[PDB]
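Following: one structure in structure tokens, then a few remarks.
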Amino acid sequence: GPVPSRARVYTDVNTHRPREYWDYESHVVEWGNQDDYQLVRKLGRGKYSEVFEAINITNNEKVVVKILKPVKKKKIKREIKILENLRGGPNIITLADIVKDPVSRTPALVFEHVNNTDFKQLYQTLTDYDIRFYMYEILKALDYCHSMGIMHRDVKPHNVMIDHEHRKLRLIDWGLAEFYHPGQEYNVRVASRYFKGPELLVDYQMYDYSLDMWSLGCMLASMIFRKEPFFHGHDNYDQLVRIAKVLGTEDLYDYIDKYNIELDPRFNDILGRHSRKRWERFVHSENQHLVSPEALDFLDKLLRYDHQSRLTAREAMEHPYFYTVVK
Ligand SMILES: C#Cc1cccc(Nc2nc3cc(C(=O)O)ccc3c3cncnc23)c1
């Protein structure tokens with residue numbers, strides 16, 4: 001079968017935590033008072049919930065309320081336990097309360113409110129400095145959650161809320177996050193298409209924190225090159241082909257061969273042969289001010305087929321790309 005894999009860092013975090021920490025199915029939710037919060041306006045809904053701006057009438061503060069759809073009850077305590085485990089961590093959104101909504105008959109998560117500028121608008125204006133600065137803030141959040149034995153699995157621009165005024169960043173929507181246990185096989189149906197790691201795309205289930213680092217690399221490439229999303233596939237198969245047109249097919253084969261993985265035969269007549277490209281090819285007069293040798297080398301070290309070969313969050317923070325960011 002497949003060759004097994006282990007995270008190269010934080011491998012045994014959960015192994016030596018108490019069972020209460022990671023056994024989320026045993027978690028007992030501490031309920032707050034649903035009457036404390038008044039819905040103000042609907043912000044949107046995903047496949048799993050509806051999110052509302054609201055006011056906390058005990059202090060008149062703005063908050064956000066995420067009313068979970070009655071689907072996949074297991075996921076509910078997973079997301080709750082992960083938020084409580086990570087609460088107070090750098091740049092991790094704060095879960096302020098949990099209440100039972102009387103209409104949906106489901107849990108409603110109450111989060112801190114972030115006065116953000118949507119990425120579709122924000123990304124048009126980021127400077128070279130802004131991108132390094134915010135990348136560094138994202139890494140703080142990822143090193144934190146990885147060091148706490150959790151992978152996010154849904155890193156994408158929408159989940160990185162940024163108040164550009166106060167230069168405040170929060171990593172949100174831990175609804176796809178999971179505990180990392182060495183040797184555990186996970187569902188590959190996670191992340192948004194454009195940010196799915198090659199591991200998910202070739203059906204390799206024994207992945208780990210390094211998945212987030214691929215997603216981060218996709219974000220970075222979209223920011224420095226001003227092309228969002230960068231790998232813009234039409235479906236999960238074309239997504240891998242798009243990647244292979246940049247990283248090349250030989251290193252893809254090396255990857256699947258290392259883990260003795262077999263490509264879906266559907267790729268037989270769509271994958272072709274492709275050389276690995278140099279990142280400079282994506283540079284032009286409209287994004288060159290965002291690009292530097294340090295940026296390209298950092299990106300290159302994030303976007304690797306082999307999950308074991310990508311920079312960890314901690315290593316990424318040590319990269320020359322961030323020397324110019326004020327600490
Ligand atoms: C569905 C939807 C939808 C569509 C557009 C905008 C938003 N806005 C916000 N979503 C959040 C989600 C979470 C979470 O899921 O952990 C935490 C905090 C926020 C948040 C905080 N502050 C301001 N806005 C949001 C949501």
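Ordering of the structure tokens sets the chain letters (A, B, ...), residue numbers begin anew at 1 in every chain, and ligands are numbered from 1 in the order given.
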Show me which residues sit within 9 Å of ligand 1 when counting only C-alpha atoms and all ligand atoms, and put them as a VMD selection string. chain A and resid 42 to 53 62 to 66 79 83 93 to 95 109 to 116 118 158 to 159 161 170 to 175
If we count only C-alpha atoms and set the cut-off at 12 Å, which residues sit around residue A:155, ignoring sequence neighbours fewer than 3 positions away in its own chain? Please answer as a PyMOL selection string. chain A and resi 138-139+141-142+151-152+158-161+170-177+190-197+209-220
Output C-alpha atoms of each residue in that selection to a file, as an mmCIF file, in the first residue's frame.
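Okay, again15.cif is ready:
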```
data_model
loop_
_atom_site.group_PDB
_atom_site.id
_atom_site.type_symbol
_atom_site.label_atom_id
_atom_site.label_comp_id
_atom_site.auth_asym_id
_atom_site.auth_seq_id
_atom_site.Cartn_x
_atom_site.Cartn_y
_atom_site.Cartn_z
ATOM 1 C CA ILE A 138 -0.620 34.370 9.526
ATOM 2 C CA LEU A 139 2.477 32.292 10.368
ATOM 3 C CA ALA A 141 -1.358 31.760 13.992
ATOM 4 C CA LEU A 142 -0.278 28.628 12.124
ATOM 5 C CA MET A 151 -4.223 21.627 11.550
ATOM 6 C CA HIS A 152 -6.596 24.231 10.070
ATOM 7 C CA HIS A 158 -11.697 34.485 3.174
ATOM 8 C CA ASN A 159 -10.549 32.776 6.371
ATOM 9 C CA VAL A 160 -7.830 35.340 7.031
ATOM 10 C CA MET A 161 -9.789 38.379 8.214
ATOM 11 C CA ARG A 170 -7.550 36.833 12.639
ATOM 12 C CA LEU A 171 -7.607 33.252 11.364
ATOM 13 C CA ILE A 172 -11.277 32.165 11.337
ATOM 14 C CA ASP A 173 -13.533 29.169 10.532
ATOM 15 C CA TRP A 174 -11.992 26.205 12.328
ATOM 16 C CA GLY A 175 -14.938 24.119 11.130
ATOM 17 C CA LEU A 176 -12.592 21.992 9.034
ATOM 18 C CA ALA A 177 -9.734 21.831 11.570
ATOM 19 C CA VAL A 190 -11.033 19.536 2.821
ATOM 20 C CA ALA A 191 -9.917 23.065 1.818
ATOM 21 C CA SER A 192 -11.190 25.123 -1.080
ATOM 22 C CA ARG A 193 -10.240 23.753 -4.523
ATOM 23 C CA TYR A 194 -7.602 26.414 -5.310
ATOM 24 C CA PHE A 195 -5.808 25.810 -2.017
ATOM 25 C CA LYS A 196 -5.882 21.981 -1.881
ATOM 26 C CA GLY A 197 -2.454 20.420 -1.368
ATOM 27 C CA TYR A 209 0.200 20.413 9.418
ATOM 28 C CA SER A 210 2.190 20.850 6.185
ATOM 29 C CA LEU A 211 -1.110 20.946 4.264
ATOM 30 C CA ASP A 212 -1.678 24.465 5.628
ATOM 31 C CA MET A 213 1.705 25.517 4.317
ATOM 32 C CA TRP A 214 0.750 24.662 0.752
ATOM 33 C CA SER A 215 -2.464 26.701 1.108
ATOM 34 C CA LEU A 216 -0.390 29.567 2.498
ATOM 35 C CA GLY A 217 1.910 29.304 -0.524
ATOM 36 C CA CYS A 218 -1.079 29.543 -2.854
ATOM 37 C CA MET A 219 -2.195 32.661 -1.000
ATOM 38 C CA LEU A 220 1.278 34.170 -1.213
#
```
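Proximity ranking of A:78, A:140, A:310, A:319 relative to residue A:28 places A:78 first, based on only C-alpha atoms.
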Quick one: distance from atom CA of residue A:5 to atom CA of residue A:274 in Å, one decimal? 27.0 Å
DSSP on the backbone, strand (DSSP E) only: what residues of stretch 163-323 of chain A does that give? Format it as an mmCIF file with N, CA and C atoms, in the first residue's frame.
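What ended up in part-v2.cif:
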```cif
data_model
loop_
_atom_site.group_PDB
_atom_site.id
_atom_site.type_symbol
_atom_site.label_atom_id
_atom_site.label_comp_id
_atom_site.auth_asym_id
_atom_site.auth_seq_id
_atom_site.Cartn_x
_atom_site.Cartn_y
_atom_site.Cartn_z
ATOM 1 N N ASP A 163 -8.340 43.542 9.536
ATOM 2 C CA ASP A 163 -8.664 44.941 9.756
ATOM 3 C C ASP A 163 -7.427 45.733 9.361
ATOM 4 N N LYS A 168 -4.766 44.474 12.051
ATOM 5 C CA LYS A 168 -5.179 43.338 12.868
ATOM 6 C C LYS A 168 -5.596 42.157 11.990
ATOM 7 N N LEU A 169 -5.081 40.964 12.295
ATOM 8 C CA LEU A 169 -5.368 39.763 11.512
ATOM 9 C C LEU A 169 -5.935 38.654 12.397
ATOM 10 N N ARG A 170 -6.994 37.981 11.931
ATOM 11 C CA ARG A 170 -7.550 36.833 12.639
ATOM 12 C C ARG A 170 -7.770 35.651 11.702
ATOM 13 N N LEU A 171 -7.314 34.470 12.111
ATOM 14 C CA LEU A 171 -7.607 33.252 11.364
ATOM 15 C C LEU A 171 -8.937 32.665 11.855
ATOM 16 N N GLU A 178 -8.666 19.821 12.396
ATOM 17 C CA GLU A 178 -8.582 18.498 13.017
ATOM 18 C C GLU A 178 -7.348 18.381 13.889
ATOM 19 N N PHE A 179 -7.402 17.451 14.837
ATOM 20 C CA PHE A 179 -6.251 17.110 15.664
ATOM 21 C C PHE A 179 -5.316 16.217 14.866
#
```
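Residues lying within 12 Å of residue A:320, counting only C-alpha atoms and ignoring same-chain neighbours fewer than 6 positions away, are residues 132, 136, 292, 293, 294, 295, 296, 297, 298 and 299 of chain A.
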Preceding selection exported with C-alpha atoms as a PDB file, in the first residue's frame:
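As a result, result-v8.pdb now contains:
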```pdb
ATOM      1  CA  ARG A 132       5.272  40.438   4.281  1.00  0.00           C
ATOM      2  CA  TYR A 136       4.103  36.977   9.171  1.00  0.00           C
ATOM      3  CA  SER A 292      11.834  40.134  -4.810  1.00  0.00           C
ATOM      4  CA  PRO A 293      14.394  37.318  -4.751  1.00  0.00           C
ATOM      5  CA  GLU A 294      13.472  36.715  -1.102  1.00  0.00           C
ATOM      6  CA  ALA A 295       9.761  36.491  -2.026  1.00  0.00           C
ATOM      7  CA  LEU A 296      10.425  34.024  -4.815  1.00  0.00           C
ATOM      8  CA  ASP A 297      12.692  31.818  -2.711  1.00  0.00           C
ATOM      9  CA  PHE A 298      10.153  31.805   0.132  1.00  0.00           C
ATOM     10  CA  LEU A 299       7.323  30.912  -2.177  1.00  0.00           C
TER      11      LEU A 299
END
```
Can you measure atom CA of residue A:7 to atom CA of residue A:199 for me? One decimal in Å is fine. 13.2 Å
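Atom CA of residue A:8 to atom CA of residue A:318 spans 16.8 Å [interatomic distance, one decimal].
Counting only C-alpha atoms, the residue from A:137, A:143, A:286, A:235 that sits nearest to residue A:86 is A:143.
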If DSSP is run on the backbone, what residues of stretch 31-207 of chain A are alpha helix (DSSP H)? A reply as a PyMOL selection string would be ideal. chain A and resi 73-86+119-122+128-147+198-201
Take the residues just selected and output them with N, CA and C atoms as a compact mmCIF listing (two decimals), in the first residue's frame.
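And here is the file that came out, result_0.txt:
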```
# COMPACT_ATOMS: atom_id res chain seq x y z
N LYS A 73 -23.16 16.24 13.16
CA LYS A 73 -23.08 16.59 14.58
C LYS A 73 -21.69 16.41 15.19
N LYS A 74 -20.93 15.46 14.65
CA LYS A 74 -19.56 15.20 15.10
C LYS A 74 -18.68 16.44 14.96
N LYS A 75 -18.74 17.06 13.79
CA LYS A 75 -18.00 18.29 13.49
C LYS A 75 -18.25 19.40 14.50
N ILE A 76 -19.41 19.39 15.15
CA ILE A 76 -19.78 20.51 16.02
C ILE A 76 -18.89 20.60 17.24
N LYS A 77 -18.71 19.48 17.93
CA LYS A 77 -17.85 19.50 19.10
C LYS A 77 -16.38 19.60 18.71
N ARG A 78 -16.04 19.10 17.52
CA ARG A 78 -14.67 19.23 17.05
C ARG A 78 -14.31 20.70 16.95
N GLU A 79 -15.13 21.46 16.23
CA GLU A 79 -14.87 22.88 16.07
C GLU A 79 -14.87 23.61 17.42
N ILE A 80 -15.82 23.29 18.30
CA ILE A 80 -15.88 23.93 19.61
C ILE A 80 -14.62 23.67 20.46
N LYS A 81 -14.18 22.42 20.51
CA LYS A 81 -13.04 22.05 21.34
C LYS A 81 -11.75 22.68 20.84
N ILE A 82 -11.63 22.75 19.52
CA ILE A 82 -10.46 23.34 18.90
C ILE A 82 -10.40 24.84 19.21
N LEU A 83 -11.55 25.53 19.16
CA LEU A 83 -11.59 26.96 19.46
C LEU A 83 -11.21 27.24 20.91
N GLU A 84 -11.72 26.40 21.82
CA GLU A 84 -11.38 26.53 23.24
C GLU A 84 -9.91 26.20 23.51
N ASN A 85 -9.39 25.15 22.87
CA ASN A 85 -7.96 24.83 22.97
C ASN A 85 -7.05 25.97 22.53
N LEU A 86 -7.46 26.69 21.48
CA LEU A 86 -6.62 27.72 20.85
C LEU A 86 -6.90 29.15 21.31
N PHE A 119 -11.21 40.49 1.11
CA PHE A 119 -9.97 40.23 0.38
C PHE A 119 -10.05 40.64 -1.08
N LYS A 120 -11.24 40.52 -1.66
CA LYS A 120 -11.43 40.89 -3.05
C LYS A 120 -11.06 42.36 -3.29
N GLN A 121 -11.33 43.20 -2.29
CA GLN A 121 -10.96 44.62 -2.33
C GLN A 121 -9.54 44.87 -1.78
N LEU A 122 -9.24 44.28 -0.63
CA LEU A 122 -7.96 44.47 0.05
C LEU A 122 -6.74 44.08 -0.81
N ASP A 128 4.14 45.72 -0.94
CA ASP A 128 5.15 44.73 -0.63
C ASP A 128 5.32 44.58 0.88
N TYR A 129 5.33 45.70 1.59
CA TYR A 129 5.47 45.64 3.04
C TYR A 129 4.25 44.98 3.68
N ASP A 130 3.06 45.38 3.27
CA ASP A 130 1.83 44.80 3.82
C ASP A 130 1.79 43.27 3.71
N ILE A 131 2.18 42.76 2.54
CA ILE A 131 2.17 41.33 2.29
C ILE A 131 3.13 40.57 3.20
N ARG A 132 4.33 41.10 3.39
CA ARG A 132 5.27 40.44 4.28
C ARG A 132 4.74 40.51 5.70
N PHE A 133 4.23 41.68 6.08
CA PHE A 133 3.69 41.91 7.43
C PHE A 133 2.57 40.93 7.74
N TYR A 134 1.57 40.88 6.87
CA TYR A 134 0.41 40.00 7.09
C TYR A 134 0.76 38.52 6.96
N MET A 135 1.68 38.17 6.06
CA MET A 135 2.14 36.80 5.96
C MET A 135 2.71 36.39 7.30
N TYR A 136 3.45 37.30 7.93
CA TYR A 136 4.10 36.98 9.17
C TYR A 136 3.05 36.78 10.27
N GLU A 137 2.00 37.58 10.24
CA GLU A 137 0.93 37.42 11.23
C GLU A 137 0.18 36.09 11.04
N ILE A 138 0.01 35.67 9.79
CA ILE A 138 -0.62 34.37 9.53
C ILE A 138 0.25 33.23 10.09
N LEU A 139 1.56 33.33 9.88
CA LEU A 139 2.48 32.29 10.37
C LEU A 139 2.41 32.14 11.89
N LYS A 140 2.31 33.26 12.60
CA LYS A 140 2.14 33.22 14.06
C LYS A 140 0.95 32.33 14.40
N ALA A 141 -0.17 32.56 13.72
CA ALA A 141 -1.36 31.76 13.99
C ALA A 141 -1.13 30.29 13.65
N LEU A 142 -0.44 30.01 12.54
CA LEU A 142 -0.28 28.63 12.12
C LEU A 142 0.73 27.88 13.01
N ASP A 143 1.87 28.49 13.29
CA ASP A 143 2.78 27.86 14.25
C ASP A 143 2.05 27.59 15.56
N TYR A 144 1.23 28.53 16.00
CA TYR A 144 0.52 28.32 17.24
C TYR A 144 -0.36 27.08 17.17
N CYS A 145 -1.28 27.03 16.21
CA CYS A 145 -2.19 25.89 16.15
C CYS A 145 -1.47 24.55 15.87
N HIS A 146 -0.47 24.55 15.00
CA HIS A 146 0.34 23.35 14.81
C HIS A 146 1.03 22.94 16.12
N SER A 147 1.56 23.91 16.86
CA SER A 147 2.27 23.59 18.10
C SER A 147 1.31 23.07 19.15
N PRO A 198 -1.29 19.04 -3.02
CA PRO A 198 -1.11 17.85 -3.85
C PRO A 198 -1.47 16.57 -3.10
N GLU A 199 -1.23 16.52 -1.79
CA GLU A 199 -1.61 15.32 -1.01
C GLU A 199 -3.11 15.02 -1.12
N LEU A 200 -3.93 16.07 -1.09
CA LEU A 200 -5.37 15.87 -1.16
C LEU A 200 -5.73 15.48 -2.59
N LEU A 201 -5.00 16.04 -3.55
CA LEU A 201 -5.31 15.87 -4.96
C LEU A 201 -4.90 14.49 -5.51
```
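Nearest to residue A:3 of all the residues A:183, A:107, A:32, A:149 is A:183, based on only C-alpha atoms.
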Tell me, as a PyMOL selection string, which residues lie within 9 Å of residue A:262, counting only C-alpha atoms; anything in the same chain fewer than 6 positions away does not count. chain A and resi 2+202-203+256
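The smallest atom-to-atom distance between residue A:148 and any of A:232, A:266, A:69, A:16, using only C-alpha atoms, is found for A:16.
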Using only C-alpha atoms, pick whichever of A:6, A:189, A:279, A:224 has the shortest atom-to-atom distance to residue A:125. A:224
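For residue A:233, the non-local neighbours within 9 Å, defined as residues at least 2 positions apart in the same chain or in other chains and counting only C-alpha atoms, are residues 193, 194, 231, 235, 236, 237, 238, 239, 240, 241, 242 and 243 of chain A.
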